[PDB]
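Structure first, commentary second.
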Amino acid sequence: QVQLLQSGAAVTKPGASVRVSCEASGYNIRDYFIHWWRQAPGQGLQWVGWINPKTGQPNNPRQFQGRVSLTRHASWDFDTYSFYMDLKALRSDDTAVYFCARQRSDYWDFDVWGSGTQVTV
Amino acid sequence: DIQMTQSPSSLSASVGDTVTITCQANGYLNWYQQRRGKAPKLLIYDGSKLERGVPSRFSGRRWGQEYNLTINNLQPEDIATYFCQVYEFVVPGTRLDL
Amino acid sequence: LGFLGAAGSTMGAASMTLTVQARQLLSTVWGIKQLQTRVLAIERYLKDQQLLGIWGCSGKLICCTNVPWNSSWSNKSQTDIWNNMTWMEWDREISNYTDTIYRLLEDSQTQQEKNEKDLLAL
Amino acid sequence: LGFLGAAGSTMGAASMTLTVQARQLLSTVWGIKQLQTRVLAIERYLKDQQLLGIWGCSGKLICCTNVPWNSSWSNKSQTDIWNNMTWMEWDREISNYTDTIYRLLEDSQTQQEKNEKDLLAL
Amino acid sequence: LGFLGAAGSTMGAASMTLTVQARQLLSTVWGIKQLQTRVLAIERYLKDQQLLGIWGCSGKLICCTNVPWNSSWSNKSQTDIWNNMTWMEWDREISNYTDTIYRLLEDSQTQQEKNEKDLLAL
Amino acid sequence: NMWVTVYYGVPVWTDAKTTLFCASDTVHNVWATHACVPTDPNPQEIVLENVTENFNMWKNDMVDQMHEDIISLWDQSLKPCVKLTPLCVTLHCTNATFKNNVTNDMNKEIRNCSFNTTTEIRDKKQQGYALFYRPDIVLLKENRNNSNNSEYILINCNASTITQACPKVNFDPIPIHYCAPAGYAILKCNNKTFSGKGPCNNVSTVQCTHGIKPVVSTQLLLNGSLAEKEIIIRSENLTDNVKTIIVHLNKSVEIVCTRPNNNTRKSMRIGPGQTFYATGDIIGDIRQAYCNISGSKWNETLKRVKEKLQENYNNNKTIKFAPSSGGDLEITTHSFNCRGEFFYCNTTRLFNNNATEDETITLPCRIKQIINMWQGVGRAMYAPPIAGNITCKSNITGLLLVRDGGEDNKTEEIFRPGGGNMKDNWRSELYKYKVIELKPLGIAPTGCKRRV
Amino acid sequence: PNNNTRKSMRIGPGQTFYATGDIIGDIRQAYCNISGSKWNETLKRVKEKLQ
Amino acid sequence: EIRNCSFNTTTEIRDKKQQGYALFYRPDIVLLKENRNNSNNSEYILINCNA
C-alpha cells in the first residue's frame, strides 16, 4: 500500500530556514521520482522540484535556486524513505501548502499525494 | 516550450447534467480533481485513461490539441476545481458550481 | 480430439490422429533440472528420428518396409487387428518381437539403397 | 552475400540464398546461461524441422503442397508478389492467416500418404 | 562386428557397416559437465544432418550427387580406391579438397529443386 | 490455379529478447578471459540495401543484460577476497604528524587511526594503526574531556560487510564484445546523424558486435568512442525534465589526473591467510589530488555543445551551464577509477559559464577508499593503497546533462551535470544496434503442384 | 488473543533479531473453536463408513 | 509459560556487548546448572541451540 505521510504546519519569521518532511513507505521507493509542489492560497500548483530517491540529485526551477534544498535519507533495508525540503531565504510571499507526490509514469502522472504541509510566514 | 489554454474559468450546472471542461495543450496531459482538502485526486491520465477507484462518470476525448473532460451524470460529490497538467506546468482549473 | 484422443478406439481409427501425438514430443537448481529434462526429451526425439531414418522412413508417418510378416509373430486377420483391437493390446501382443523385427527392418534398408539401387545408377 | 544478404530485394531474387540463412540456425553461471541458449536454439530448429516433416516437406527447401490458394488471403499477380514485394512486406501481408494455412497443410498430408496412397500399395 | 568394426578393411567392404557407426552418434557440477557433453553431441549430430539435408541426401546413407569428379582431386581407378585403400587413407588423400567439394554439392542442390524442378511443376 | 509453396530460410525477422555471449581478445581481469570465449576472427558486416528499421536506444534490452552481467561479475570478483569484518572496531583517530610542509587543508583529511584487531591466532590481539581519509571515518561518542579518546569506525561497517579488493584483480575496462546466439542477429544503424530513436534507413547485419569498454564515471563520459560527423544530443522525449541528455562528442578532450603523494604502504595480518593493506606513512610533502583539463579545448567543446543544444530548442533561448545542484558525492563530483583509486573531482570550474583565461583548468579531487559503486547495492569494497604517486590520462568523449527544470517568462535554458545511472553510460555505446530473431519459415503462392 | 508487543534488537552488521518485548492488556491461552454439531455429524458419518 | 530471559549478546561492533532481554515460551527454554542457593541465577539456553 503506497503511503506518503507529512509533518504538521509550521509558523516562523522571514529569514528563518524551514524544513518540510515527507515520509514514503509501503512500496519500492527507489523506482519512482518524488516531486514537490507549492500551492499558494487561492492559486494553482507551482512546481518546486524533483528528487531521485536513489542518487539524491535535486532539480529545482530558476525561482527556487539557492533557496530550496531537497534531500533524502534512506532508512534501514530501504523499507521507508524520509524526504526533506529545506527552504532557506524564507519570505512572507512563500506562505503556501507544500505537497509531495510520486511520479509513476512517463507522463508525470501523480497518483498518491501527501496531506500537505501548511507554511505561514 | 509547451503552450496551454483553459476554458471556462467557472462552470455552473444542475445535478444529472453532462458537462465539459476544455483544456488545450501541445503535450501529454492529465487531469486532477482538487478539493478544499488534503490533496488533489488524479482523474485522467494519458490521452484518455481512467485511474483505479474513479467512478465511471468521468471520461475524455482528444481531437487535435483539445481535451473535453466529459463528465456524465454529474453528482453533488463532483463539486471541485479540475486541474490540467503538462509535466511541470499546472494551469488553474475550472471552478464547478452545483 | 487432442493428445492421445481416441486411445481406446480401434487401431484403424487411431491412425488418423498420428500428427496430434507427434506434435507433443517437442515442447537456480530447478532450472538445471528443467534443462536436464529438455535434453532428455530432445535425445528421445532424435533417437526415434534416427531409427526411422535407418529404416528408410524419414519424413513420413506411414511407410511400407518390404518385409514379409511372419506367422510366428501373430496370426490374425486384418479385420481383427484393425477393427477388433486397440494399439495397447497390439503393443502387448507382439512385445517380445519388438527388437527382432527392428533388426530385419535395418537389414531391408541395407539390402536396398546400396545393393539393389547402386547397381542401377551405374 | 552472407547472412540475410539481399534482405531488401524482391521475393524472387531472395529465394536463391535460402541455404545461406539455413546454415546459421545451428551454431560458471555464465556457462549455464549459454547452455540454456543452446538448448533453446536446438528446440527452435527441431520444431521447424518437425513442422516441415508434418507438411511432407522434410529434407527440402522448396516444396509443392497441393493446397489451392484462397482469394481471401491475398489478391495479387505473380509478378507483383515476386518482383514488386520483399519478404518482410509479404510476411506482414498474410500474417493473420499464418496458422489457418498451416492447418490446411497438415490436412493435406493427412489426406495424402495414407488415404490416397495406402490404397494403391495394396 | 560392432562400432568401427573392420576399420582396416577396404573402402568397399566398409560400406556395409554404415548403420553400425551411425547408431553410435546419439547416446552436481559433474552433471553440468555431462549436460554440456550431451549438448555438444546433439549439436554435432544436427550439423551433420543439416549438411546432408542441404546436399539433398536427407534420410539416406548412400546418395548420388550429380557432380562430376575432377581429375585434380584424385586420379585412381575404381578398383584401386574400393579394393586397395582404406577410408583413413582416402580421407587423407583428399583432405585439402573437403570444403571445395562441399561448396559444389550445395550449388548442385541450388541448381536442382528450384531452377530445374520448379519450372516443371508449372 | 495457384498453390501454396513453403520456403525455408526466408530472410525475415521479428523483434526479440534473448541472451548474448561475451567475447574478448587474448592475474585474471574481472570479466573478460576468465568467463568469455574467443572473438569471431575477421568479422564481417553485411549491408542490407533498401531496408528501414526502427531502433529505440532507450528500450533496448542489451542495456539491462549488460547491467546485470557487470554487477554479477563484480560481485564474484569480490567473493573470495579478504573481508574486513574484524576491523569494524573502535578507532582512535588523531591528526597525522609529518615532518615536511603539510598544507593546512590536508591536516584535516588524513587521520592517524589506532586500533586493536586480531592476528593469525585465535587467542591474541594486535595494537596497530593506519592512515585513513576523513570521508571513510564516522564519529562515535565524542570525548569532551580529552578529544583524543573519541571513538571512530569505518564508514558503514555497522550496516554491512566491507570486503577488501584482491590485489590481483585487473580493473582495466577491457572492451567486451557481444555476440548473438544462433538463430538471432544484431542489426546496426550506420546513419551517422541518427538521434538514437527512430526509422534508421541505412542498416547492416552483424553476427557479433565490437567491444565496449565498461568504463564507470559520472557527469562526463570517458574513453568509448567519438561521433563520426557531429556532436549528437540524445534524450528520450527531450522536453521531459527527468530524462538525461547525452552529449556524444566528435572530438575528445584530454584529461590528466594524479595523486602526487608516495603513500608508503604497510601490510598487517588479521587472520590465517587473511591480510589487510593500508597506508603506512608518507615520504615527502603532501598535496591534494587533482585533474588537468586543457582550457582552450574545453572552451571550444562547450561552445560547440551550446550551439548544438540551441539547435534542438526554440531559437529564442540562450544556452548556459551551471554547477551541479548537489546530491550524493558520487554525482556531485566526477568519479574516476585510476588503478583502483576512486577520485571525486570538483567540476564547478568547468560548468560555471566562466570563460576563464587559464591555459589549463585544474580541479581539486578527493580520494575515497570505501566505495559502494552501484547506487548503494552490493558489497562495500575497500580499495587498498598503492605505494608511489599515481598519474593517469583519459579522453573525455561526452557529457551527461540535466535540464534545470522549467518556467515561463524565461529567455535562457540552464543545463547541469547529472548522471549516476550506469545504464546511461552503457547506452551511449549500445544505441547503435538492436537484436532480432530470425523467422526463416515463410509461405507464398505459385504454380508449384505436387505430382502425387 | 494477546498483543505481544514486539522489540527489535541488533546483533551484528545488518543482522537483527526480533522477539516479544512486552504484552499490553491481559494474557490468555491460545485456542481453537470447532463447531460442536458439525463435528458430531462428521464423526457419525466417519464411523459409519469405517464400519 | 512466558519467561523473562535476560542475556548478554553482541551488537553491531566487534568490541562491544549488550545486556538485553526477551519473553520466551517455556517449551523453547532448556535448563542448565540449576542454582539452589538463588533460583534466579539458574542458566538456560534456547532449545537445541547446542546441537
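Annotations for the structure displayed:
We call the chains A, B, C, D, E, F, G and H, going by the order they appear; numbering starts again at 1 in every chain.
Keep this in mind: contacts are C-beta pairs under 8 Å (C-beta built on N, C-alpha and C of every residue); 3 or more make two chains touch, one makes a residue touch a chain.
The greatest number of inter-chain C-beta pairs in contact is found between D-F. Put simply, the chain farthest from chain D by mean CA position is H.
Farthest from chain G in terms of Cα centroid separation is E. Centre-to-centre separation of chain B and chain F, using mean CA positions: 44 Å.
Centre-to-centre separation between chain C and chain D, using Cα means, comes to 26 Å. The mean-CA centres of chain E and chain F are about 52 angstrom from one another, to the nearest whole unit. Shown for chain F are the residues that touch two or more other chains, namely 85, 88, 158-159, 240-241, 405-406, 446-450. Along chain A, residues 47, 61, 106, 108 each make contact with two or more other chains. Residues of chain D in contact with at least two other chains: 15, 19, 22, 25-29, 31-32, 35-36, 38-39, 42, 45, 58-59, 61-62, 64, 117.
By the document's touch criterion, interfaces exist between A-B, A-F, B-F, C-D, C-E, D-E, D-F, E-F, F-G, F-H, G-H. On the side of chain B, the complex with chain A involves touching residues 28, 30, 32, 38-40, 42, 45-46, 51, 83, 85, 87-93.
Only residues 15-16, 19, 22-23, 25-28, 31-32, 35, 38-39, 42, 45, 58-62, 64 of chain C touch chain D when the two sit together in their complex. For chain F in complex with chain H, the residues that touch the partner chain are 85-86, 88-90, 116, 153, 158-159. Partner chain F is touched in their complex by these residues of chain E: 118, 121-122. Within the complex formed with chain H, the chain G residues making contact are 7, 9-15, 19-23, 27.
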